Colleague: 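One structure, pasted below without further comment.
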Amino acid sequence: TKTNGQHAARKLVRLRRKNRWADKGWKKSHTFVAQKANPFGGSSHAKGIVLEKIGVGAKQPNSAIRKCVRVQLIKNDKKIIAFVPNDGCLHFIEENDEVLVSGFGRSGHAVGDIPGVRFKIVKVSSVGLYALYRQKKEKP
Amino acid sequence: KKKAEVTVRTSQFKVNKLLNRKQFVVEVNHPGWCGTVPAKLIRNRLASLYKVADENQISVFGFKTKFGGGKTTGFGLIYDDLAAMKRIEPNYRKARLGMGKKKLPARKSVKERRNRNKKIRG
Amino acid sequence: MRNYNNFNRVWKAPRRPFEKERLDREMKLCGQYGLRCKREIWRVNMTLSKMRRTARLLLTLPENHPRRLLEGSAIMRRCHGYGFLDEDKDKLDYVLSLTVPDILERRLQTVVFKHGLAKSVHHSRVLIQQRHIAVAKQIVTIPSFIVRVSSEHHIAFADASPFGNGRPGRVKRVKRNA
Amino acid sequence: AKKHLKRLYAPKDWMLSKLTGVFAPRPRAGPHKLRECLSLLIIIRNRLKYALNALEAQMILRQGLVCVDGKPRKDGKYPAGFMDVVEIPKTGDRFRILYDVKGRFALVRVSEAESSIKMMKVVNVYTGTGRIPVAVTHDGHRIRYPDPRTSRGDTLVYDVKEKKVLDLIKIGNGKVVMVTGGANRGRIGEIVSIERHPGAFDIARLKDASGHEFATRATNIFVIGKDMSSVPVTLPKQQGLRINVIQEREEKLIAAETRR
RNA sequence: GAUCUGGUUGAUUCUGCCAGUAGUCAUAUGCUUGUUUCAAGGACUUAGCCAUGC
RNA sequence: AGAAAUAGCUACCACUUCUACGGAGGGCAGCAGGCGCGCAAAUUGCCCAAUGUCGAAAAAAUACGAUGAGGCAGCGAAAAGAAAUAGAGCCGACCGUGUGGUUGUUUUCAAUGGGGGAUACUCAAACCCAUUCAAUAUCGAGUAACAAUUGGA
Ligand SMILES: [K+]
Ligand SMILES: [K+]
Ligand SMILES: [K+]
Ligand SMILES: [K+]
Ligand SMILES: [Mg+2]
Ligand SMILES: [Mg+2]
Ligand SMILES: [Mg+2]
Ligand SMILES: [Mg+2]
Ligand code: NA
Ligand code: NA
Ligand code: NA
Ligand code: NA
């Protein structure tokens, strides 16, 4: 079969080092290109400023409008598209406000039938969007 | 109903001629006692156990109450005379009786003047 | 900040959160021993796993091994004295056959009910938490206390308790002041 | 040029709690090594509970009550090591520092005559200006005119109250030694043989009294006498005989049971 | 504890990846909080800038 | 003796304070605190009682060494260990099953700690634990409004 040496550890070490670059999971954690292209510099959340409110359509089998916003980040001035969850909840956003943005799950992959959206709105004016939805708090 | 009594025993014992004292561990049995037992009562009972001229030769501190019980354990010192007690006892322990040195000024002011007088001579 | 105290964990949540067979077996244990939360069961799981793991390692070792003799005696001494294994079983192989209710049988909440001082398994827990039980003339108020074999006959009411030879309790006192 | 000693970095034989304080008293330079000794503040406060706090040990040591070689010592961080006599004339007790069967420090009460005797191990023999042969000792003493037969490995019996040498015990197979370092510390046995290994560490093979065998480096044995009976000093309880761990556990268990 | 399950077909047997699942003295944010014991606490980015006292 | 020392000196480079305009200073990645940065992190507290270092020093007096090293308390669901939110019955109404658990309606009957107070313990001084509601002699759940949430089907 393969090499069975008792003095062939060098060949087996070189083989594993070369072949470990072939899986996308291991390569993503040792290459530094993902962090640069990621709007969050490897961070759980980020803070930004709302530019305008947009409505994106859903993918083919479904049919809806997904009520996103366009957000310009603060730490590096990159522009992203984020989705505001739950019923209503667009009237709590307004323009030029400051929001906290988190990932959508799946670590950069788009989610659901929303085309190319991978961020969700968490806090607006530093109160909490779900707390506003449940009326546990009032907008400042 | 019944009255409340207090019994005192000493488990470990030692005679210290270097510091003119004898040390021991105090055990107090106070079944039916309400609250705790003040340390002056221990001093009366210990004086009865080892007859001393002045009860102020006796020192007791560090007393812990056993959980859910009528027992309490502490430490005890006996000095040969009042003169030896004054010499060796720490100041805060004498102040507990009411006969230590008065007081000293707040530490902040002392170190404040120390730096102020570093700008001046004579 | 420059501290040298220690701490650790005693339980562990199980994988596969929702298996109908494990859900019902655990519920049966709780409502029959009168436990408060599933964490009490999962404590017993890990303490059991530790004795099993060390017995398995020792049994793998050859007989007359110096480690086997010293540790083997120690674990049997603990198991016999605590009441997990009856004194006839002594081969170190009966350790692995220990089950969960065997450990739960030695709990102070259980033993109080068995001796008949309580009318149920939940009555006994209330009594223990309210400072009524004394094991060796020392009041114990923790249901998870594991009774040793040499201490069942000494278990009785506490003197300070009203049910013992103590003063009348809260209801009597406030009725007198009424 | 360090001046502290963190608790965790202190020797384990001082048995200082890790929950009581952050520092330990650094032993000042002197007769014995920092690792192979314990200070006077340790003995006064931890072994015999004469003093509670560390301020009280000053109230004893600064008066010169404690003596360590016939001369009172006032420094708490004085380094005191193996085969040292500690006497407190006010209390009347005299201890000698030895190693117990488990390699730990032991203080055994000695007699009045014994307290004036001390054993030393030669480490170096050289010549002074003029022709003076002076031999250095494991505790740092220098002897001005030893027996011209003295050599590196032997030992000297020394009178401390008045400075002179009593007798010299050489090295050889017949003699009995005590191991002074290397996890066999605290065992008494006879010299079966010694292996040379020039340029490296000599290995000395020893036989216990109970017929057991053990070995260690030749720089860890301190020859006591030519026979077990002919020992100028006293010995600890076990006489340096180690027995099996399971037997130790079982004897302790039954002894506690008969005691109660 | 040496365990696995949903998605390719009109059905079937595969390769294979997506998704599920349990931890983390591992960080942050949301909701909610009676008692007690033990505890880490401006490394992460900016070895950036500093009033006043010690 | 030991430094190429930052609460030592000298100069240059960047920011910076007072002034009578001649000049003179500043170095928190020490302690506590502020601005900015960010998803992101505590009081401008008390003490040398313990542990140690330094010293021309033991403690006591006609006579108290310093020490943000160190320790103590305030804030703190990072995390970890214990653990309350009720226990026994009564009388109707019942539910299923074959007369024995059970599901509300009336109603006593004891027990206990959240809560508050010391003869007091602790403490270097305060706090928290641990004791105790007489030892002649000391307050208190009953729609236990002392009311469990967060996620799902
Ligand atoms: K420098
Ligand atoms: K700081
Ligand atoms: K509650
Ligand atoms: K629904
Ligand atoms: Mg296909
Ligand atoms: Mg920083
Ligand atoms: Mg500085
Ligand atoms: Mg935080
Ligand atoms: Na044991
Ligand atoms: Na500079
Ligand atoms: Na101090
Ligand atoms: Na501290």
Side-chain angles (χ1 to χ4, degrees), chain B residues 16-19, chain D residues 5 10-11 13-16 24-51 53-100 104-123 135-143 155-166 178 180-181 185-186 222 224 232-236:
Chain B
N16 218 78
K17 299 151 310 309
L18 295 191
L19 291 172
Chain D
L5 186 62
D13 303 36
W14 299 3
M15 320 213 162
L16 307 156
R26 208 209 168 73
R28 208 169 300 285
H32 292 108
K33 311 219 181 48
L34 198 184
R35 283 306 148 165
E36 310 185 350
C37 85
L38 85 164
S39 57
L40 280 174
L41 161 63
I42 289 302
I43 285 164
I44 272 296
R45 200 200 35 213
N46 306 104
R47 284 313 179 102
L48 358 132
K49 323 299 178 65
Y50 284 146
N53 309 335
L55 82 89
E56 265 91 343
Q58 242 176 12
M59 314 201 342
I60 288 117
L61 290 160
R62 288 315 282 283
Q63 332 211 8
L65 314 173
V66 190
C67 313
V68 184
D69 250 5
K71 157 183 330 175
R73 309 277 174 189
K74 333 212 310 178
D75 194 10
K77 324 179 330 148
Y78 178 81
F82 169 74
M83 177 99 45
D84 256 5
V85 182
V86 170
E87 41 207 31
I88 293 94
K90 166 150 305 163
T91 326
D93 47 68
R94 323 164 176 79
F95 312 90
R96 168 164 285 129
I97 313 185
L98 293 165
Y99 282 127
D100 106 84
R104 288 178 318 194
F105 290 117
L107 311 164
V108 297
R109 310 175 94 105
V110 308
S111 325
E112 284 68 30
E114 261 197 83
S115 100
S116 206
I117 303 312
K118 147 162 197 160
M119 314 207 36
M120 319 210 156
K121 202 216 311 206
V122 193
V123 307
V136 201
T137 265
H138 82 266
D139 53 70
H141 291 31
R142 280 182 274 175
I143 269 66
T155 186
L156 292 171
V157 167
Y158 190 69
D159 198 339
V160 284
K161 281 324 216 311
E162 51 92 30
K163 335 283 179 218
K164 55 143 150 295
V165 198
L166 264 45
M178 174 161 171
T180 7
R185 210 165 57 239
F222 187 123
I224 298 313
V233 294
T234 197
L235 258 75

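So you know, we letter chains A, B, ... as the sequences are listed, proteins then strands, and number each from 1.
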Colleague: Any side-chain to backbone donor/acceptor pair from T137(D) onto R142(D)? Under 3.5 Å, distance only.
Modeller: no
Colleague: May I ask you to decide if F105(D)'s main-chain N or O and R47(D)'s side chain share a donor-acceptor pair within less than 3.5 Å?
Modeller: yes
Colleague: Under the side-chain hydrogen bond (donor to acceptor under 3.5 Å, both in side chains) rule, collect the residues that match up with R94(D), sequence neighbours excluded.
Modeller: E112(D)
Colleague: Does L19(B) reach the side chain of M59(D), with side-chain heavy atoms less than 4.5 Å apart?
Modeller: yes
Colleague: Any side chain to side chain donor-acceptor pair (under 3.5 Å) pairs touching residues 56-70 of chain D, not counting sequence neighbours?
Modeller: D69(D)-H141(D)
Colleague: Please enumerate all residues that pass ring-ring contact (aromatic ring centres under 6.0 Å, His included) together with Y50(D), with sequence neighbours excluded.
Modeller: none
Colleague: Restricting to ring-ring contact (aromatic ring centres under 6.0 Å, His included), what partner residues turn up for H138(D), sequence neighbours left out?
Modeller: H32(D), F222(D)
Colleague: Using side-chain heavy atoms (C-beta onward) and a distance below 4.5 Å, is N46(D) in contact with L16(D)?
Modeller: yes
Colleague: Between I43(D) and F95(D), is there a side-chain heavy-atom distance shorter than 4.5 Å?
Modeller: no
Colleague: Does any N or O in the side chain of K163(D) come within less than 3.5 Å of the main-chain N or O of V160(D), such that one atom is a donor and the other an acceptor?
Modeller: yes
Colleague: Is it true that a side-chain atom of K90(D) and a backbone atom of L18(B) form a donor plus acceptor pair closer than 3.5 Å?
Modeller: no
Colleague: Extract all donor-acceptor atom pairs below 3.5 Å that involve side chains of residues 78-89 of chain D and protein atoms in other chains or at least two apart in sequence.
Modeller:
{"unit_1": "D84(D)", "atom_1": "OD1", "unit_2": "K118(D)", "atom_2": "NZ", "d": "2.6"}
{"unit_1": "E87(D)", "atom_1": "OE1", "unit_2": "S115(D)", "atom_2": "OG", "d": "3.3"}

Colleague: Is the shortest heavy-atom distance from the side chain of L65(D) to the side chain of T91(D) under 4.5 Å?
Modeller: no
Colleague: So, using side-chain hydrogen bond (donor to acceptor under 3.5 Å, both in side chains) as the criterion, who are the partners of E114(D) when residues are at least two apart?
Modeller: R96(D)
